[PDB]
Amino acid sequence: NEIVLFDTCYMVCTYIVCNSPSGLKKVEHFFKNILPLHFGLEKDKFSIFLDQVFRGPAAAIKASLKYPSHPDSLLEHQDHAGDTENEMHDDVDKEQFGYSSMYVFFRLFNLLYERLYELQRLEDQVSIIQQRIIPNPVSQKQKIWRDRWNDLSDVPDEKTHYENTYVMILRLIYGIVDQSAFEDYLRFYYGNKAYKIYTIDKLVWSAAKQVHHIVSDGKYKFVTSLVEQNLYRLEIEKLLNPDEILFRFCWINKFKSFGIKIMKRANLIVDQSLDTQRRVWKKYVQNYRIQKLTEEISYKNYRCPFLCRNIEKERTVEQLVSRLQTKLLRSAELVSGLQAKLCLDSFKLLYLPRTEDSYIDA
Amino acid sequence: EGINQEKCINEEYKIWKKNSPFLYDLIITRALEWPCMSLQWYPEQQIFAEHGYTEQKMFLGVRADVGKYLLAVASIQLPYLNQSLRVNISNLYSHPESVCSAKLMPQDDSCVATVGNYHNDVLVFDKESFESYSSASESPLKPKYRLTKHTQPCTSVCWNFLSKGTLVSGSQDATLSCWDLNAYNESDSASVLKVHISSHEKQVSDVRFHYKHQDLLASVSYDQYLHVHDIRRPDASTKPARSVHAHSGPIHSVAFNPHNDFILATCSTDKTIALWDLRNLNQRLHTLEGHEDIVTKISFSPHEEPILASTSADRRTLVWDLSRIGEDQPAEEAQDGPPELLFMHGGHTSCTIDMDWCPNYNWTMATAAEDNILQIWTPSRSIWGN
Amino acid sequence: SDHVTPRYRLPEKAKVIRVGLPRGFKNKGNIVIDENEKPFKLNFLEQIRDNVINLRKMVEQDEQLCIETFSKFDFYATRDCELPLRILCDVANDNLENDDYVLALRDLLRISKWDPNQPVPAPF
Amino acid sequence: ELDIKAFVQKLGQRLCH
């Protein structure tokens, strides 16, 4: 739903520009360069839709508070056009790498999107509840009927109930109408079925806090530069952070899908019983984890034992493993392995004299 | 911290194993009975076409325990396909008298000169000596020649490429000895001793004769010096023909590029490759950096001009080329290494004691480590396809 | 296993006895305490790729068989509600009809009188 | 047949994540 997506982005940027004058240039930079890199939205048209409120019409927009006008469809794609039955192939158009501070932001963005979407989907329940609350002629004749419309404040007049509720959300965000009036509007129109919008203010505040942290945290310029500079696995698992997790973000355009995967997680704290644990646990992981990054303790020295220029340059690191698999399914005589079962000393890696390894490749 | 180091080496070996296909085009790893000390190919081989392969001969020096040293011959079966593959050892000649290094006469296929940690000088073994040696002989093999004059255990040995029976041996006692075999006797070793170079007060590190001249001898000495001189003068026993302070850290290795009479090169502890010419012995023709720790031994490619491999103690080994020096380097890739950095190798678990190039099979490098690892490897033709 | 053992009580000076009788030990089911008595370095995805392709092949064959047996699964499982109506209306005795009549007799709790008829037992 | 094979492959491409 492009409408709901633009509304979510507009809400976060509006909250930032209203409640936080500081860091305004940096938040423009973020919302204008980093987020489109992950969402594949159209650059210039997203720019127009955002500076529709980012630069003037704070008191002017505070007074006006109109519904943000939406442009036409926003779609960006590379040289991949065409779709047929039985071959509706897909591709990870944009693949980025990130950390916890951005993972939380995407999760909050998704929460906000889901709740605005569910809010839009109650248009028929609006009329059902309005029919439910209807005066009784006997009560009117007995002079005991107190209408409920005379309690609402100035209600906006847009085309859609969703737009009216959106203007009300913006009013709460800016700080005009209080929580009581907002909840009373929600109860008059949506009954007791819109109970998830009540904490939309806290949700937007958390999203803006994560945006500010992303853009101005301890390694802010470093991570933003290593993101915006432009095949990045050993170009992304080198830096150090306070025990974070590495994430892979993928965007598919033919389906409008967004995928979050967990890559290697940074190492935990070392222990003293590892000397006795290695006898059973360590070798199990190190051997059964065939060609996969073992993660017990690795921070100290990881001088990459091969230059990155030797590997053939390629995009979409997911297919590098396919290249390796195709290579492995080739002329290699490929004797099994060294068969080095010695840990009785538990201080070093030892081998057996026989059990060489043959022509590993070809 | 020791277990942390062990786990680091384990992790780097694992990642290197996984990425082996992209890296190499031939990898043959074989374990041994005890940590080796040296290895050198043979300039000859045999070709077996009934299956399509080639048998290579190898001389190896491996020690079981303290004192007992094993000299052995390996056969490397490798395919003739690129436009079971396997090595097998034999003849584990035992020697309670330590013989740490060995070198075969480029002329006599069996005249092998060996140097050790107890003997102050060299011992030369021959085919008739091997054959006379019985299996049930618990006593070691008697070397046909016992070239012994010095006092402290000798360090480096080198035969000449242009002359028969002409050897040089640099010892621990800050001396060098040039030996001639044309005037050999049974009770007089001073006679076979051609020249006695007592010129540097410090012990020499490496010795080598020139490839295109019978009389030029170069040697690097622990005083961070490189002296090249001539055997024919008697004044060479007192002073070298030309000696230069090469580096700052203790000098380690030196060589010529046998394809070019002018390329001399050396390596020391300051993480540097120093290249020099026979014209300007005053200034270093070129300085090369990029290592991480102390280097041990360097050698050019005995089949091609610009290639130079260098070992180290940081559990790596690199292959540089000279022809690409001065060429540009795009920034997006330059961050990994200097532009003359060509290839790297990190597939071991310890230091790389000894290395060699298989003579007639270019880009084929044999190396040995302390975990009894013996790898015959060869990089991808793609990384150097010209 | 303590959910289905008959509860018992052990004294608080109870040396755990190790019974040597190899077979046939009557033990009251519950008082038997703990029955006290290669590193390959493969590093290949060859077997993983082969296993993935094998799984896809098994899946392909299964799907092929099932999607051919469609158009008969439909007829014999979706019209299965009207053939019982046939063998009920035109009262033809099959095993399930007679089991349903047993069900109705067990509901009515007959004793020794004659069974009325196939369509006139009256829990209607 | 080949149609069912194409369906299985297309399902795999569509739900490989």
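What ranking, highest mean first, results for peptides A:126-137, A:88-99 when packing means the other Cβ atoms within 10 Å averaged over each residue?
By packing density, highest mean first, the sequence is A:88-99, A:126-137.
Please sort B:271-277, B:376-382 by packing, taking for each peptide the average over its residues of neighbouring beta carbons within 10 angstrom, highest first. Provide the component values of the computation, followed by the final result.
Working: B:271-277: 20.0, B:376-382: 17.9.
Highest mean packing first, the order is B:271-277, B:376-382.
Counting partner chain Cβ atoms within 10 Å of every residue's Cβ in A:333-341, what's the average?
Numbers: counts 5, 2, 6, 5, 8, 11, 6, 6, 4.
So the per-residue partner count for this stretch is 6.
Past the 15 angstrom mark, what percentage of all C-alpha to C-alpha distances in the stretch B:77-152 do you count?
Pairs farther apart than 15 Å: 64 percent.
I need A:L293, A:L75 ordered by Cβ neighbour count within 10 Å, fewest first.
Fewest-to-most ranking of A:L293, A:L75: A:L75, A:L293.
Per-residue mean of other chain beta-carbon atoms within 10 angstrom of the beta-carbon, peptide B:23-29?
Per-residue shielding by partner chains comes out at 6.
In Å and on Cα atoms, what radius of gyration and Dmax does chain A show?
When restricted to the Cα atoms of chain A, Rg and Dmax are 28.4, 105 Å.
Could you rank the peptides A:344-352, A:10-18, C:112-120 by their average count of other C-beta atoms within 10 Å per residue, with the highest value first?
Result, highest mean first: A:10-18, A:344-352, C:112-120.
In nm, give the distance between the simple-model label positions of A:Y198 and C:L88, each being 7 Å from the Cα along the Cα-to-Cβ direction.
Once both label points are built, they end up 5.1 nm from each other.
Relative to the compact globular guide of 2.2 N^0.38 Å, what is the alpha carbon radius of gyration of the protein assembly as shown, as a ratio?
1.42
Using 20 Å as the cut-off for backbone N distance, which residues of the stretch B:13-51 belong to the label zone defined by a point 7 Å from the Cα of A:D345 along Cα→Cβ?
Within reach of a label on A:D345: B:13-14, B:30-38.
Give the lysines whose C-alpha is closer than 18 Å to that of A:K264, dropping any in the same chain fewer than 8 places away, or say none.
The qualifying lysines are A:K238, A:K282, A:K292, A:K300, B:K7, B:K14, B:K18.
Calculated from DSSP H runs of 4 or more alone, at -39500 (n - 2.57) each and per residue, what is the 222 nm mean residue ellipticity of the protein assembly as shown, nearest 500?
Using -39500 (n - 2.57) per qualifying helix, the result is -8500 deg cm²/dmol.
Nearest 0.05, what FRET efficiency do A:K143 and A:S180 give at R0 = 30 Å with Cβ-Cβ as r? It would help to have the intermediate numbers written out before the result.
Working: r = 28 Å, r/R0 = 0.93.
For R0 = 30 Å, the calculated efficiency reads 0.60.
So what is the orientation-averaged projected area of the stretch A:166-289, using the convex hull of its C-alpha atoms, in nm²? Walk me through the numbers on the way to the answer.
Numbers: hull surface 59.0 nm².
Approximately 14.7 nm², given one-decimal rounding.
Calculate the length of the line joining the C-alpha centroid of the stretch B:21-72 to that of the stretch B:179-205, in whole Å.
Between the Cα centres of the stretch B:21-72 and the stretch B:179-205 lies a distance of 32 Å.
Using a Förster radius of 41 Å, what is the FRET efficiency between B:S75 and B:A331 based on their Cβ-Cβ separation? Nearest 0.05, please.
Computed FRET efficiency for B:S75 and B:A331: 0.30.
Once you have the alpha carbon radius of gyration of the stretch A:1-142, what is it after dividing by 2.2 N^0.38 Å, with N set to its residue count? Please list the in-between numbers first.
Working: Rg = 20.7 Å, N = 142, 2.2 N^0.38 = 14.5 Å.
Computed over Cα atoms of the stretch A:1-142, the ratio equals 1.43.
What ranking do B:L216, B:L374 get, fewest neighbouring Cβ atoms within 10 angstrom at the top?
B:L216, B:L374
Over all pairs of distinct alpha carbons, what does the Kirkwood formula give as the hydrodynamic radius of the stretch B:1-385, in Å?
Kirkwood hydrodynamic radius for the stretch B:1-385: 22.1 Å.
Equivalent ellipsoid semi-axes for the stretch A:216-362, as square roots of 5 times the alpha carbon gyration tensor eigenvalues: give them largest first, rounded to whole Å. If you can, show how the numbers build up before the last one.
Numbers: eigenvalues 208, 125, 42 Å².
Computed over the stretch A:216-362, the values are 32, 25, 14 Å.
Given axes a ≥ b ≥ c from the Cα gyration tensor, I'd like to know whether the stretch B:160-264 is rounded (a/c under 1.5), prolate (a/b larger than b/c) or oblate.
oblate
For chain C, how big is the tail of P(r) above 21 Å, as a whole percent of Cα pairs? Please list the in-between numbers first.
Numbers: 5705 of 7626 pairs.
The answer is 75 percent, as a whole percent.
Residue by residue through B:130-143, how many Cβ atoms from other chains fall within 10 Å of the Cβ on average?
On the way: counts 0, 0, 0, 0, 0, 0, 0, 0, 0, 0, 0, 0, 0, 0.
Across B:130-143, the average partner-chain Cβ count within 10 Å equals 0.
Only the coordinates and a few stated rules stand behind these numbers; no lab work does. In this analysis, Cβ positions are derived from the backbone assuming ideal geometry, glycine residues included, and neighbour counts consider all displayed protein chains.
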